[PDB]
Each structure stands twice: as C-alpha cells, then as structure tokens.
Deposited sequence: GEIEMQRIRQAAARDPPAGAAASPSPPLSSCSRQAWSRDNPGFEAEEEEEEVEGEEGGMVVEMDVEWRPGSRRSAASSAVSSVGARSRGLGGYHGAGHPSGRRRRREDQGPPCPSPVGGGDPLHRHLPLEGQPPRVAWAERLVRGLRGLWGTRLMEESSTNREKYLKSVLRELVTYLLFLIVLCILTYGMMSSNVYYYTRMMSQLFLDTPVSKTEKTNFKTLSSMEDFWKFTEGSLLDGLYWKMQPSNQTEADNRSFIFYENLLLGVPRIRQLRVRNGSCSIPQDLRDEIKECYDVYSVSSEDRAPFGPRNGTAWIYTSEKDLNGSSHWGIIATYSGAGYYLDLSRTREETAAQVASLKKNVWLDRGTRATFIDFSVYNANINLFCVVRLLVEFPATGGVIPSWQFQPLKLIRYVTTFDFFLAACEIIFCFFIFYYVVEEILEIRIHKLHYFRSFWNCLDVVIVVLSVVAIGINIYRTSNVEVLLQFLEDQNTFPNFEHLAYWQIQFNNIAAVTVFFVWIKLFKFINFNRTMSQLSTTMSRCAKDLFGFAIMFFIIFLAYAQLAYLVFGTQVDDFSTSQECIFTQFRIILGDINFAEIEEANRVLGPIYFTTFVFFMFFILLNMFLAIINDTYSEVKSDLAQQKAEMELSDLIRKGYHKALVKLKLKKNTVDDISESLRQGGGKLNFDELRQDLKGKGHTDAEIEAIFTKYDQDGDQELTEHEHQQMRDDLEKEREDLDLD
C-alpha cells in the first residue's frame, strides 16, 4: 500500500508542477501578439514599393528595387502624421539604422585567360574578404568602417552567409523629411555598388495598449552572382514586466516554478549520488535530468535577460538615438525556444503514471520492447533516405528551390512522403531523371520500406499480448 500512496503523491506533485508550468507558458502568450506582428509585417512587406510598381520587399530583385523601397514604402510605413506611430497605436522608438557589409575588390583571382576583359572581381562575403577601408565622400559613419565592438553589434545568420556586426552604418532621423534627405544623399553618392554583400534596416516600436515592444530587422543580401535575397524578422518583446495584476500572478507562478526546480534538483542529485553507475540505465532518469537541466538553463537565461533591461533605461534618457534591442530579442527567442522544449518534455513525463490498468501496461510494454528493432530499421531506412537525398541534391540542386541545399532535400523528401509534392518543377528540371527519381522514391519508400516499421510493431504487439496473457 505504501508504493501506491507514494506513486499517488508523486503524481499529485507532478500534476501541480505541470499546471504551474502550463499557466506560465500560456501567460507568456496571447492572441494579441500574433496580429501585432501580422499587421507590422503586412505593412512593411506586402505594400507595393510604390503606387506604379508591383514588387514589394518580399519580391525585391535588384539594387534599384531596394532603393525604391527605402525611399518609398519604408518611409510610408515608418512615419505617420514630431512623434510617429507606425499605426495609430505603436510609437516609433527613437531612430532607425541602416548598415551595410562590404567586400574588397580583388578578394578573388580572375583566370589568366580572361584577365584582359575583366579587371575587378568581388568574392562571396567572408571575414577574410571583408572590406574595412573608407570610400565615397568619406564624410561620416556611413563611409567609414566601424568594428563590431564599437557598434555594439552581433552576428546574424543569413540565408547564404553568416554576417558580422560591423560595417558602415548611418543613423536616420525622427522625421520623414530628414530621413528622405539622408537616403537621397546616400543614393546620390552611390552607397551600394559592386562591393556590397548585405544591408540591414533596424527599428523598434512600442504598443502601450498591450505593453509590447516589436524589434524589426530587414536584411537584403547581394550575392556575388547579382540580384537580391530579401528577408525579415518581427520579434515582440515584454521588457516591462509588472504593470498589471496578471503580471504579479505570473511572477508568483515563476517563483513557485523556481522552488519546484530546486526541489527536483535536490531529489535527483540525492538518487544520483547512490545509483550513479546505473542511473542512466532507466529512460525516466534521463528524462528527469533533461527536464531539470533545461529548466535551470531557462532560469539562467531569464536572469541574464532581466538584467539586460538597462539598455532600455539608456534609450529612455535620450530618445534621439537608436535603441539597440537586438540582443534582448535574441535572448527572448532563445528563452522561448528553451521553455517550449521544457514544456514538451514535461508533458512526455506523464507516461510514468499512465499504467492505470492492464491495457496501459500492455501498450507501454509493447512500445518499450519494440525500441531495439525500431532503431535498427531506422538506421537502415535512413541510409537509403540519405542516399536519395544526396542524389536529389546532385540532380535538382541548381534548378529547384526545394533541393537548393543538402538539408532542404531531407525536408522536401519528408513532405513528398506525406503527400506535399511539386512534381512539375522536378520534371521540368530533369525530364528523364526527375520522373525516375520520383517514381522509384515513392515506390521503394511509401509502398515497401515504410511497412517494415509497422511489421515490427505488429509482431511485437502480438508477442507481448500473447506473453502477458499468462
């Protein structure tokens, strides 16, 4: 009877922990936030670059389109008629910033055959090929290289390369007329030319109705082959924490969560000190360790982020400067990811107390007894899966977007297995190998290989049911 009562006590404690965690994670969420970013992104990406034009920021194709956007839709969205409100609600915080990364002329070598017709070549962006010399009129921060440290920047993982936080930057103005003049001055002096490899536009807004910031980042990359590759980022933040009663309730819930985390840390360490050799012999102990580690990491990230609020205080002293909220947004994204993973893994631990009756124990035994063969056939299946992915990358890699990178081929093959196919592009890219690849993949994966998993599961379930009937 002691075992059942102890299990019930553990179940009740874990249920309380689960309710606390769910309350926290839904308190840090709301429907108000999705439409915030939806309207912001629509305004800044979906609006045509100009009345006559049709291309938006989403469909930029050249430097001329980027200049039209910068002098056009961007200024329309940013400034609303001394203080701007991106809508009638969202105040524009301070000043926007524009930054570019540059590459040296001669960072690549032209073949000796063509040196008579081609004199200048610019390599793809890299830390080695980066340009750090003044150009243009050399008047101000837009024409002089500023290091990452002096710019208080950080690296950004772009579509085709990873970019540093340094470059040539200009701080725009509070009003539309001044910003337009600055942008026109930049364009006249040819700010963007052959050496440009990336450009960033950063600005943040604040919504007092719901007490949420929004950090915006627009990146346009200029590959060595010509054209542009636009991208965007809209990240809401809650820098100010305690403004309402629900905020204090969530603070209390967070304190309770920290108490629970410390209690679990102590409990797990106590058992580790005795069973350390065989502690990882059970999956539940590994799950408990993962949960506690993730929760501790989340707590540490939260503590670090809460002390970074001093950047907001610096901005509030003088509002004519650029508010650097990129680090806060990055750490908020990291915290959200870690909290989501912790919640997911806390949910999975519910299987520990799910053996109510003989049926649940039957199913759990079937699933545990089936893992050894499932892993082996997973290796076997994924060998062929990766062979097919490599063939697809080598065949359609340069033509089809779905196969443009070795990682994207895996996702495309998963989608094809599910039923989300784009066979027209595959057939267009290669009229002989495209159809052969598609047909053979579909056959040997959907029709045959996918059924080995189910055969293993079926045999294991039947064996377990026959055995446990005793």
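By the record, the deposited chain contains unmodelled runs at 1 to 162, 244 to 253, 643 to 741, with no C-alpha atoms placed there.
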